[PDB]
């Protein structure tokens, strides 16, 4: 068993009230200023010279929404996450050689961004269910073989 019905509830319900645009863009922009070296992977996204520039960069906004939409694929099928991020794994690994621990940094910002947005509703238990999900995602995006 990957998740429990209790966790599934925390994931699905919380995900239902999530605005992919705002949260996704917030998570990406925050990842790039808090952990500046992740910028290297984003060479074609224009201006990333300052926190303010990142926050107003439109390519960052757009890509941030696509990331959060991707997190939506995991939610739709929690027990098959691995197979879902199969394509994205080879892209993030084989093609775009990304350090595996970066998927973890990005899961940490998303959780913090979710906490800032949902406040007290983002209880310890709800957070626990989301750590498993973001953790499950980061893992699946790092393939060693096949």
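Numbering follows the first chain given and starts at 1.
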query: Of 129 to 137 and 13 to 21, the stretch whose C-alpha atoms average the higher B-factor in the entry; finding: 13 to 21
query: 83 to 91 or 59 to 67, whichever carries the higher mean Cα B-factor; finding: 83 to 91
query: Selection from 77, 49, 102, 108 [criterion: highest C-alpha temperature factor in the record]; finding: 102
query: Chain thirds of CA B-factor: placement of residue 97; finding: highest
query: Assigned third (lowest, middle, highest) for the C-alpha B factor of residue 30; finding: lowest
query: CA B-factor placement of residue 45, once the chain's modelled residues are sorted into thirds; finding: highest
